[PDB]
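Here is how the chains run, residue by residue.
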Amino acid sequence: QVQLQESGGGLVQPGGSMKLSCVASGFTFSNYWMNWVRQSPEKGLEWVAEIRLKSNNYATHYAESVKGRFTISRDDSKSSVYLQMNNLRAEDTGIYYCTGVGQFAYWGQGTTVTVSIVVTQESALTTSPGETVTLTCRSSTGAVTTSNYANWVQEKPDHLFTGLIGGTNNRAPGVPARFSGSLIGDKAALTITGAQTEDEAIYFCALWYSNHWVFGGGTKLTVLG
Amino acid sequence: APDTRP
């Protein structure tokens, strides 16, 4: 299987620094871009940074919120990605995940850092086993198109993230066939054809905007009965 | 595009 194991989190004072590490196994790490994404109760899921390949001169890009303070880097010889965090602020508090592949198939377990465009989804939907339910993802800039490479990621309890769909319509390896991704009208959509009890979870969509990602607020899916 | 490698 694929594992992304994080380390480095902890308590740090405002103005402080911390370095996070993530070691990958089970896939050809060096062939894929890597990202850091953080979660806070306040700001939800927030994409932080990406790093591309050796053939891209390890090019990086950052969220505006961290640009000039955070540095993402990788060591392909150690199958590892890192995040150096400087000049930390209270708003940087959160659970930090390394994630990547097509485009957010794999997520680490998260490491907690304590410093002490809108993508719209349905807040909640209720379904029952065997029903067909469609979750949607809207962009504040206009239509969602294939240029937004919509991804769908599932969060189950204990902050367990799994990528389900990437590139609008592509089912991540070993993802159940009842999940499918598409564009419906001006939105991206996740359809579950025959919802199952265990599908009760929070589902986040992510959209790409030229050089960065924006995550929706998540949909809490209840599967009653 | 982002990382489109399968």
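Residues numbered from 1 in each chain as written, not as in the entry; some residues may be left out. Chains lettered and ligands numbered in written order. Heavy atoms only, no water. Residues with missing side-chain atoms left out of burial classes, pairs and counts.

Undergrad: Looking at this model, I keep getting lost on the pattern of salt bridges. Mind explaining?
TA: In a structure, side chains of opposite charge can pair up when their charged atoms sit close to one another. Residue and element names in this part refer to chain A. What the rule picks out here adds up to 12 salt bridges over all chains. Put simply, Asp76 and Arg74 hold a salt bridge, and the shortest N to O gap is 2.8 Å. A residue is classified by how much of its surface remains accessible, and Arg74, at 11% relative accessible area, is buried. A salt bridge links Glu91 to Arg89, with the shortest nitrogen-to-oxygen separation between them at 3.4 Å. (Salt bridge = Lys/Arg side-chain N within 4 Å of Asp/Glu carboxyl O. Buried < 20%, exposed > 50% of the residue type's maximum accessible area, 1.4 Å probe, protein only.)

Undergrad: How do you make sense of the side chain of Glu50 of chain A when you look at a structure like this?
TA: All names here are of chain A. Examined against the element boundaries, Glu50 turns out to sit in strand β5 (residues 44–51). A distance of 2.9 Å separates a polar atom in the side chain of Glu50 from a polar atom in the side chain of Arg52. For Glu50, the contacting residues outside a window of four places in its chain are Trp33, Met34, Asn35, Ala59, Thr60, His61, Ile72 and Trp208. (Helix = DSSP H or I, 4+ residues; strand = E, 2+ residues; numbered from the N terminus. Polar contact = N/O pair within 3.5 Å; in protein donor to acceptor, adjacent residues only side chain to side chain. Contact = heavy atoms within 4.5 Å.)

Undergrad: Just to check I follow, could you spell out the domain arrangement of chain A for this structure?
TA: Note: interface size is frequently given as the accessible area lost on complex formation between the parts. Residue and element names in this part refer to chain A. Domain annotation of chain A identifies domain 1 (1–116) and domain 2 (117–217). Between the C-alpha centres of domain 1 and domain 2 there is a distance of 22 Å. Taken together, the contact between domain 1 and domain 2 spans 18 residues of the former and 19 residues of the latter. Joining domain 1 to domain 2, the criterion identifies zero salt bridges. Linking domain 1 with domain 2 are seven residue pairs in polar contact. When residues of the side of domain 1 that touches domain 2 are traced back to their parent elements, those giving at least two are β4 (34–40), β5, β9 (94–100) and β10 (106–107). For the side of domain 1 that touches domain 2, the class distribution of residues is 10 nonpolar, six polar and two charged. (Domains from an automatic or database assignment. Nonpolar A, V, L, I, M, F, W, Y, C, P; charged D, E, K, R; others polar.)

Undergrad: Please explain the interface of chain B and chain A as it appears in this structure.
TA: Residue-level contacts link six residues of chain B with eight residues of chain A. Between chain B and chain A, roughly 770 Å² of surface is buried when both sides are summed, and carbon and sulfur atoms account for 57% of that area. Its largest share of buried area at the contact with chain A, chain B owes to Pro2, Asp3 and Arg5 of chain B, together 72% of the area lost on that side. Seen at the junction of chain B and chain A, the total is zero salt bridges. Taken together, the connections running from chain B to chain A amount to four residue pairs in polar contact. Along the lines of polarity and charge, the residues of the side of chain B that touches chain A split into three nonpolar, one polar and two charged. (Buried area = accessible area lost by both parts, 1.4 Å probe.)

Undergrad: So what exactly am I meant to see when it comes to the environment of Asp75 of chain A here?
TA: Residues and elements named next belong to chain A. Structurally, the position occupied by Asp75 is in strand β7 (residues 70–75). For the pair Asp75 and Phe29, spaced 46 residues apart in the sequence, the C-alpha separation amounts to 9.7 Å. Not counting residues up to four positions away in its chain, the partners in contact with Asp75 are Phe29, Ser80 and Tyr82. Within the structure, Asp75 has its side chain in polar contact with the side chain of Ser77 (distance 2.6 Å).

Undergrad: Help me out: how do you make sense of the pairing of strand β19 (residues 187–193) of chain A in this one?
TA: Each regular strand carries side chains that alternate between the two faces of the sheet. Residues and elements named next belong to chain A. Most of β19 is tucked away: five of the seven residues are buried. Sheet analysis places strand β18 (residues 179–184) next to β19, joined by six bridges and oriented antiparallel. The residue of β19 that forms the bridge with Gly181 is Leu190. Two successive antiparallel strands, β18 and β19, enclose a turn made up of two residues, where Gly185 displays a positive phi of approximately 60 degrees. (Pairing = 2+ DSSP bridges.)

Undergrad: Sorry, what's going on with the UniProt feature "disulfide bond" in chain A here?
TA: Residue and element names in this part refer to chain A. For the UniProt disulfide linking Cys22 with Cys98, the SG atoms sit 2.1 Å apart, under 2.5 Å and consistent with a formed bond. Of the two residues, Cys22 sits in strand β3 (residues 18–25) while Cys98 sits in strand β9, which places them 76 residues apart along the sequence. By relative accessible area, which is 1% here, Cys22 ends up buried. (Disulfide = S-S within 2.5 Å. UniProt positions renumbered as here; feature names shortened; annotations may be inferred.)

Undergrad: I keep staring at the state of the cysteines and nothing clicks. Help me out?
TA: Put plainly, two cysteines are in a disulfide when a covalent bond ties their sulfur atoms together. Residues and elements named next belong to chain A. Inspection of every chain in the model, using the stated rule, returns two disulfides over all chains. Residue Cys22 pairs covalently with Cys98 via a disulfide, S to S 2.1 Å. On the S-S bond that ties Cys22 to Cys98, the torsion sits near 65 degrees, and the link is right-handed. Exposure remark for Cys98: the relative accessible area of 0% places this residue in the buried category. The partner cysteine of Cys137 in its disulfide is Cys205, sulfur to sulfur 2.1 Å. Taking the torsion about the S-S bond as the criterion, the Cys137 to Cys205 disulfide, at about 75 degrees, is right-handed. Here the residue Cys137 occupies a position in strand β14 (residues 132–139), and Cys205 occupies one in strand β20 (residues 201–208), the gap between them amounting to 68 residues. Under the relative-accessibility criterion, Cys137 is labelled buried at 0%. Assessed through its relative accessible area of 0%, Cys205 is described here as buried. Assigning the bonded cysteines of chain A consecutive numbers by sequence position, one obtains the connectivity 1-2, 3-4.

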